[PDB]
């Protein structure tokens, strides 16, 4: 999917990680793909060249990468939906959760029924040029009844207070047992 830096030069950044066998989450620049273990926090950096207007929001939504599956709402498999691992904020069917943020909004589009999680957009801390949001994936890419080995992307959208698009970026994601090994193979 096309990126849209927009008027605020919005784009994503990822901490440099290796491919050690025990790594828990690692990003591949050449594949623009995140490899992470089930439910493991993934810090994602939000970079801007200019400060978005007050009240802006940041939405994270998952979609299937392949054209033939793109219309299907990405959700957790029946097993995980029922495993009772909710934090009391995220609906049990949501694949993507946010952690370390007091204001997450778990939404479901009235028309597409697609799930997404929004947090307020906040400027970078003191002595920092980016803002970090921590995401976690509650299902494995291999989950039958769920993603069922189908690769997905995590569309991150900067929107204004009215929900208008300000910027957009994305990255592919693979939730697996050994991110380090899988990253190496796919590369």
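Positions refer to the first chain, counted from 1. Between two forms, the rigid core is the largest collection of C-alphas that superpose within 1.5 Å.
Enquirer: Give, as the answer, the stretch of 137-145 and 116-124 that departs more from the shown form in 4 other deposited structures of this protein; the measure is RMS Cα distance after a core fit.
Expert: This comes out as 137-145, the stretch further from the shown form in 4 other deposited structures of this protein.
Enquirer: Kindly name the stretch, out of 31-39 and 146-154, whose CA atoms are displaced more from this form in 4 other deposited structures of this protein after the core superposition?
Expert: Farther on average in 4 other deposited structures of this protein: 146-154.
Enquirer: Hey, which bit's got the bigger mean C-alpha B factor in the entry, 53-61 or 29-37?
Expert: In the deposited entry, the stretch with the higher C-alpha B-factor mean is 29-37.
Enquirer: Mean CA temperature factor from the deposited coordinates, higher in 94-102 or in 74-82?
Expert: Comparing 74-82 with 94-102, the higher mean C-alpha B-factor belongs to 74-82.
Enquirer: Between 173, 24, 12, 166, where does the Cα B-factor run highest in the record?
Expert: Highest C-alpha B-factor among the listed residues goes to 24.
Enquirer: Please say which third, lowest, middle or highest, residue 66 falls into when its CA temperature factor is compared across its chain.
Expert: Within its chain, residue 66 is a highest-third residue by C-alpha B-factor, going by the deposited values.
Enquirer: Where does the C-alpha B-factor of residue 151 rank in its chain, lowest, middle or highest third?
Expert: CA B-factor rank for residue 151: middle third.
Enquirer: What third of the chain, by the recorded C-alpha B-factor, contains residue 139?
Expert: Answer is middle: the recorded C-alpha B-factor places it there.
Enquirer: Please rank the C-alpha B-factors of the chain's modelled residues and tell me whether residue 120 sits in the lowest, middle or highest third.
Expert: According to the entry, residue 120 has a C-alpha B-factor in the chain's lowest third.
Enquirer: Looking at the temperature factor on the CA atom of residue 162, which third of the chain's modelled residues does it land in?
Expert: Answer is middle: the recorded C-alpha B-factor places it there.
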